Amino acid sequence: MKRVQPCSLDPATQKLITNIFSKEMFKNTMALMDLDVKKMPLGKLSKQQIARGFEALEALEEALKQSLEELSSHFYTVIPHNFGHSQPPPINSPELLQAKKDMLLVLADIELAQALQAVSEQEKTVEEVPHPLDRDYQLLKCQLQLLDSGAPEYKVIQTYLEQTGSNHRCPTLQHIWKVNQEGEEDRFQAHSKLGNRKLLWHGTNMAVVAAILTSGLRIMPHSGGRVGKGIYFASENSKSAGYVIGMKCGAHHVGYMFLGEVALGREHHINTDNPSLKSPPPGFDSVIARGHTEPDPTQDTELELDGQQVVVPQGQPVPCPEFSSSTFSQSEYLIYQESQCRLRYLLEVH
């Protein structure tokens, strides 16, 4: 019988690791995406099955631009769904097609967290095992350091959250962790000369936090949105909090949000949706879909991160009269290369 070593993590990090690897949180997420967890359990999830589902969706994509019913029936056989034992709806719109692609991008991140927890033979040939939470923490290959309430960047982040959060239903700050993805430091070096660095929000499903802490923010071949195939960020917390899918934990609703250091370089501004973009125009390093409002730039502050100055908005959203006429209520900041982002903070919000 193998000795289990004591946990080295603080209570807040223990809770975080428990939540982002929680089998119930993963099964809940699959129930919320209408998947059949009985016909497709977490242990049975495979990369081949997810690849097969994307192939069916790529085939359905062509048929929109074999009937839609035949091709939909094949997708629903590969990726089992639960719909009160009724006929599954045919994927006959670019909206329902992107929804199923978003569902599969989440499920691929669930599979990743599942593949990551696989007990290897090198782990089986050791007489002392780490505490389960230490083991899951170590599989991330990502240093997480709980921030102190007295650290200067804690107050800068808290102000950013409070000033740009939803006016009434303001998310309550619980914890801030410094994120040091060991692998992201060397890739971000290939953008050291690129200026205009800003700390921006990235809100997400609890089910994809583990995959992001292991692999960073990525541009997958089937991802998209109103500003094309890139990594999406916001200068307003309330905008990113909309993509935060949390979970019921007692009386509270716990969720996680990221702060990323984004090297924006030369910005290209737009005021109309362009879902076909895959890069900025020549000479530009980022695209900004300009909102009706923007955190007051007069109140911007800076943080020094690895010798570089990073702009941190501190002001409340104020009108952008040039972009009063914009299809975007709130701004969306886009980069089209993964190396232009560096994960810096992880926030727990209730």
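Residue positions are given as counts along the sequence shown, with the first one as 1. The term rigid core refers to the most C-alpha atoms you can superpose between the two forms while keeping them within 1.5 Å.
- In a rigid core superposition of the other structures in 9 other deposited structures of this protein, 191-199 and 145-153 differ in how far their CA atoms stray, and the farther one is 145-153.
- In 9 other deposited structures of this protein, superposed by the rigid core, the C-alpha atoms of 82-90 lie farther from the shown form than the other of 82-90 and 229-237.
- Per the record, residue 65 and residue 66 are separated by 4 to 9 deposited residues that are missing from the model.
- Between 69-77 and 170-178, it is 69-77 that carries the larger average Cα temperature factor according to the deposited entry.
- Between 322-330 and 338-346, the higher mean Cα B-factor belongs to 322-330.
- The residue among 257, 270, 91, 157 whose C-alpha atom has the highest B-factor in the PDB entry is 91.
- Out of 137, 243, 233, 188, it is 188 whose C-alpha atom has the highest B-factor in the PDB entry.
- The deposited CA B-factor of residue 238 belongs to the lowest third of values across its chain.
- For residue 43, the recorded CA temperature factor ranks within the highest third of the chain's modelled residues.
- The PDB entry assigns residue 204 a C-alpha temperature factor belonging to the lowest third of its chain's modelled residues.
- Among all modelled residues in this chain, the alpha-carbon of residue 7 has a temperature factor (C-alpha) in the middle third.
- Residue-level temperature factors show residue 52 in the highest third of its chain, judged at the C-alpha atom.
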